[PDB]
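# Survey of secondary and tertiary structure
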Amino acid sequence: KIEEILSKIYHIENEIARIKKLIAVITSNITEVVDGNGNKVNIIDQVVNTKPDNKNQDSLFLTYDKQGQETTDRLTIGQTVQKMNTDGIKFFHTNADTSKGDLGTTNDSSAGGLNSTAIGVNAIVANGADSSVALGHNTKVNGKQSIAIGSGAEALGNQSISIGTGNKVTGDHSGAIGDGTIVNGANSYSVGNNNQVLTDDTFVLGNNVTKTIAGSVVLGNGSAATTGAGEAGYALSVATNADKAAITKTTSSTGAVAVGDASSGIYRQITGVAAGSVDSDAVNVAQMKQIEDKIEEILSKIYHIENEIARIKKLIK
Amino acid sequence: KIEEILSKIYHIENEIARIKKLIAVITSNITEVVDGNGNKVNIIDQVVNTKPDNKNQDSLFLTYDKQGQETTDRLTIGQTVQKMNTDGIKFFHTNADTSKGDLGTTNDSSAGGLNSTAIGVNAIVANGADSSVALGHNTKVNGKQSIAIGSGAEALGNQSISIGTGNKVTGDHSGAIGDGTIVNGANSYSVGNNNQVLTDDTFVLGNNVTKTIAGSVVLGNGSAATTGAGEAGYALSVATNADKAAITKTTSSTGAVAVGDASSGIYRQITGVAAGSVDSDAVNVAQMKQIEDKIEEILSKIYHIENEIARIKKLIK
Amino acid sequence: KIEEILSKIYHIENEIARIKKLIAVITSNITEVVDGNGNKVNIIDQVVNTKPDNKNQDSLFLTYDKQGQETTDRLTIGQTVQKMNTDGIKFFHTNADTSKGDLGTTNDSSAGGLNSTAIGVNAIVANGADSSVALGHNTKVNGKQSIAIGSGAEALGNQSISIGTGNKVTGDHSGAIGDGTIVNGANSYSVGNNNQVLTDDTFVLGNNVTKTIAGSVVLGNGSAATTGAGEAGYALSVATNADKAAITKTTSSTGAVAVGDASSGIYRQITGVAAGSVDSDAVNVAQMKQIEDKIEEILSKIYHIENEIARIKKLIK
């Protein structure tokens, strides 16, 4: 039947028009979608940058340059993400060499401690160094609640602080601010350069200090504490018993305050010193001068007495 | 008409071949696109990792492990992004517990101040603490232009600095480096452990220091400043009027330098001290020895005078 | 031939059914893919957030708020990435103003040195300042292996350390902790506020200190070191030759320890001082009292001698 054939052909013609219609809309249907605001978003434009422009501050592909405070627009979302990943995010940038790390294949930081933070090239917090902080190239922290900041700073004791270039703090509850200093003493602190602090409860504000005593305080370039407890003070042997005990009562109890190093010819005046009042207060030159002046007054009475006696001796004869 | 039917069939056959052609290219057309370099990019491969490989340093899906300096390759771009987001980017890693924060549901840092930076687990800069820095687990900064670094460091005054474990600095323009120290004084600084600094313009380089006076400086473990301005120096009552005023001229103006604590039997020698020159310079043992030696020379003239007088008295009779 | 026409029509009907089948599966085929775990992933859901929910901690679109420790769920992957990029990742947040930077169009940090790390708004490490660290608003570091932390801290010398508000350290191997301090001296350190340290190997633990001598140590608010090497100690002119040389042997070698400033009426007692033993040890009040007491004993013998002599003179007549 012709009419049966014609009807099949009309139907097919209708199916074909409908097919072409479907085909038409597929694309726009697959790539164009509505986000949760009701904005139509094109999936392709979210993944591939349709118009790169380093100056377009609204680009979803934008990166913040690690130096110079400008931006760079990337080609795909993955590129953007990996640039962030290696060159930094805004306000957090590390400019790195191509070295190998001490622990693994990268030169990443390594935050090994629970609640630890590690920042910078080869900045390492050890496993177990909990609540610790490393910030800087080659920093290393092995202690709990410890801090290393700087180039090669190491904070290796518990509650250790190491700020500056290449200080190494092994003492617990200890620290060093400066460069090239080592602190092995516990409860000991150094401010300055090239110090070595082996003793406990020791403080150094100085450079090139290497001789200390526990409990000591060393002040200034090249000073040295070499004395501690039990140094008998200088006393006049012609002194009374009560006066010798008052001196003895002030006998040293612990490491000295050192302001120089007589060994090596290093001596500092102490200036701006108020007259002492009580037994263990320092004495100033004014207080010594009153004594000197009295010595002179005594000497002058003696000279006169000697004069009198000489005359008396002659008068007798 | 047969020929009319045949023609419709040929046309349809042509439309069908053309349809299949269109269908063929759709895919490659939808997913394969050209970026701004003219590189063909496959959208799917930008979003889903076609070949995960922890060692493939060019992977767009790569993450930098928070410890150990190795990498991990992720399955999708969103996974990569969220790993960066929680485990860190290269050179910026915090290894966190699963705690709740003090402010909100996460244990994130919180940079509350304008131009502030907050880093680490529960590291908090308060609203209004502008230009401030917190770096470390449980750090808290409430002051403007303030710095807390370490485990539980708090910098609560304006221009306050707190570096180490659990120091708390409330004073303005003040700071503490060490562990367990509190500084409430304004314009006051402590280096050391378990100090308490309540006074202003006070400096401590020491541990276990808790007694201070405004303007004082306390040096060493257990030292204590308990005296300030207006301490009348020790003076010989047999001294002249000019000599008493020279002493009085050097009377203390402010808190002492304390190197010990006579109360508790703590005393330190001061060593390396150069001979004083002017009135408010400290005196050393060498300068006291010259006086002692003169006392002996005086005593020996007196002994001889007494001898003479005794003979004179007998000679008279 | 009818039968030839019918056969072409049956074939076309079969092609049409097959086409519609292909069309059906395209979508699901293009967008639904298998990742490297064998999980089926929908490409669209990786790029566009199908259900935003600020509380959904598994969202691939989640951001960590820069303050308050809560999260925000974003609409597309690019939004997420750029929020991370500008507002921070978890544990690394800077809350920034809308300023211009000193170097470029943004207010980003700038890590100019190899292996340097720069963090915070307008935190700048210069080109060539290698292995250096800047952390804080307006920090600037120009030296190698240098550290600036705080608001406007500058570390401009090599191995320079500057922590606090607006300190400026130009000296090499030098540093300042505090606020408003300048250190131009090399190998010199200041703890405190508004100090100016022009000299080398100089240490200040104090505020408002501006007069120093190389090698000096200045302790406390307003103290001033104005003397160095070669100060001849106070000596009794009535002293022996050996005693004058012992004093001369302790003559100052370098900058003083200053605890006050006699110029401006500033004087501090030094308290807790143990009796000195050797020549360059400080002397305390106890050691001066033994001398004073002996002066009195001498004066009393002299008074008696004078008495005797007066009687002798009368007895003779």
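What the entry reports as its method is X-ray crystallography, with 1.9700 Å given for the resolution.

Turning to the overall build of chain A, a few remarks are in order. Helix and strand content of chain A: five helices and 22 strands. Its C-alpha radius of gyration of 41 Å places chain A more than 25% over the 20 Å reference for a compact globule of 317 residues. Across its three principal directions, the C-alpha atoms of chain A cover 185 × 35 × 35 Å. Here chain A, with 317 residues, has 59% of them falling under the buried criterion. For chain A, the proportion of contacts with a sequence separation of at least 24, taken over those separated by at least 6, is 14%. With an accessible surface of roughly 11,300 Å², chain A has 50% of that area assigned to carbon and sulfur atoms. If you average the places of the 27 positive and of the 33 negative side-chain charges in chain A, the two averages end up 3 Å apart.

This part takes up the relation of the copies chain A and chain B. Once chain A has been moved 0.0 Å along the axis and rotated by 120 degrees, it coincides with chain B to within an RMSD of 0.0 Å. Taken together, the rotation angle and the small translation identify this as a three-fold axis. Judged by C-alpha distance, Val283(A) is the residue of chain A that lies nearest the rotation axis, at 3.5 Å.

With that out of the way, let us pick up helix α3 (residues 77–87) of chain C. Spacing of three or four residues puts side chains on the same side of an α-helix, whose turn is 3.6 residues. All names here are of chain C. Across the 11 residues of α3, eight count as buried, placing the element largely inside the fold. Looking only at α3, the buried set comprises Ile77, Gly78, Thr80, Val81, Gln82, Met84, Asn85 and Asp87. Immediately beyond the C-terminal end of α3, within one or two residues, lies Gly88, with a positive phi of roughly 110 degrees.

A few words on the sheet that holds strand β6 (residues 110–111) of chain A. All names here are of chain A. The seven strands lie next to each other as β6-β8-β10-β12-β14-β16-β18, forming an open sheet whose pairing is parallel. A strand with exactly one partner marks an edge of an open sheet, and here the two such strands are β6 and β18 (196–197). Inspection of the sheet shows β6 paired to strand β8 (residues 124–125) by two bridges, in the parallel sense. In the sheet register, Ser110 faces β8, and the bridge partner there is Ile124.

Before going further, it helps to spend a moment on the side chain of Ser59(C). Mapped onto the elements, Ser59(C) comes out in the loop between α2 (43–47) and β3 (62–64). Here the side chain of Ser59(C) touches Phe61(C) through a polar contact of 3.1 Å, landing on its backbone nitrogen. Apart from the residues within four sequence positions on either side, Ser59(C) is in contact with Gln82(B), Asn49(C) and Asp73(C).

Looking now at the interface of chain C and chain B. Of the residues lining the interface, 129 residues belong to chain C; the matching set on chain B comes to 129 residues. In total, chain C and chain B occlude about 10,600 Å² of area from one another, counting both sides; carbon and sulfur atoms represent 66% of this. Among the residues chain C hides against chain B, the three largest losses belong to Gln69(C), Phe91(C) and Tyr267(C). Together they make up 9% of the total. The interface formed by chain C and chain B holds four salt bridges in total. Between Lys301(C) and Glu306(B) there is a salt bridge, and its shortest N-O distance comes to 4.0 Å. Linking chain C with chain B are 59 residue pairs in polar contact, by the criterion used here. The greatest single-element share of the side of chain C that touches chain B, amounting to 20 residues, is contributed by helix α5 (residues 285–316) of chain C. A breakdown of the residues in the side of chain C that touches chain B according to their chemical character gives 65 nonpolar, 43 polar and 21 charged. Both strand β21 (residues 257–258) of chain B and strand β22 (residues 270–271) of chain C contribute to a ladder of two bridges, which runs parallel. Bridging across to β22(C), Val257(B) finds its partner in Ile270(C).

Contact residues are listed per partner, giving 129 residues for chain A and 129 residues for chain B. Across the chain A to chain B interface the summed buried area is about 10,600 Å²; carbon plus sulfur atoms make up 66%. Scanning the region where chain A abuts chain B turns up four salt bridges. Measuring nitrogen to oxygen at the nearest pair gives 3.1 Å for the salt bridge that ties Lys289(A) to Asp279(B). Our count for the chain A to chain B interface comes out at 59 residue pairs in polar contact. The residue inventory of the side of chain A that touches chain B, partitioned by class, reads 65 nonpolar, 50 polar and 14 charged. Here strand β7 (residues 116–119) of chain A runs beside strand β5 (residues 92–95) of chain B; their pairing, made up of four bridges, is antiparallel. The residue bridging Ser116(A) from the neighbouring strand is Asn95(B), located in β5(B).

On to the layout of surface pockets. Considered as a void within the structure, the largest pocket measures approximately 480 Å³ in volume. In terms of lining, the largest pocket is formed by 22 residues, of which the most central are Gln82(B), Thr86(B), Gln57(C), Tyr64(C) and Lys90(C). At five residues, helix α3 (residues 77–87) of chain B tops the list of elements feeding residues into the lining of the largest pocket. In the lining of the largest pocket, the residues fall into five nonpolar, 10 polar and seven charged.

Residue and element names in this part refer to chain C. Relative to the helices and strands, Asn42 resides in strand β2 (residues 40–42). A polar contact is formed between the side chain of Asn42 and the side chain of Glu32, at a distance of 2.8 Å. From its side chain, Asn42 meets the backbone nitrogen of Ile44 in a polar contact 2.8 Å long. Discounting residues that sit within four places of it in the chain, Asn42 has contacts with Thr31 and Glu32.

Rules used in this analysis
Residues numbered from 1 in each chain as written, not as in the entry; some residues may be left out. Chains lettered and ligands numbered in written order. Heavy atoms only, no water. Helix = DSSP H or I, 4+ residues; strand = E, 2+ residues; numbered from the N terminus. Rg over C-alpha atoms; globule rule 2.2 N^0.38 Å. Buried < 20%, exposed > 50% of the residue type's maximum accessible area, 1.4 Å probe, protein only. Contact = heavy atoms within 4.5 Å. Areas by Shrake-Rupley, 256 points an atom, 1.4 Å probe, with all protein chains shown as cover. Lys, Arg positive; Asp, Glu negative; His and termini not counted. Charge placed at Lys NZ, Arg CZ, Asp CG, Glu CD. Least-squares fit on C-alpha atoms. Pairing = 2+ DSSP bridges. Polar contact = N/O pair within 3.5 Å; in protein donor to acceptor, adjacent residues only side chain to side chain. Buried area = accessible area lost by both parts, 1.4 Å probe. Salt bridge = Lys/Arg side-chain N within 4 Å of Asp/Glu carboxyl O. Nonpolar A, V, L, I, M, F, W, Y, C, P; charged D, E, K, R; others polar. 1 Å grid on protein atoms, 1.4 Å probe; cavity = no way out; pocket = protein on both sides within 12 Å on 5 of 7 lines; lining within 4 Å. Points joined across faces, edges and corners; volume = space filled by probe spheres on them.

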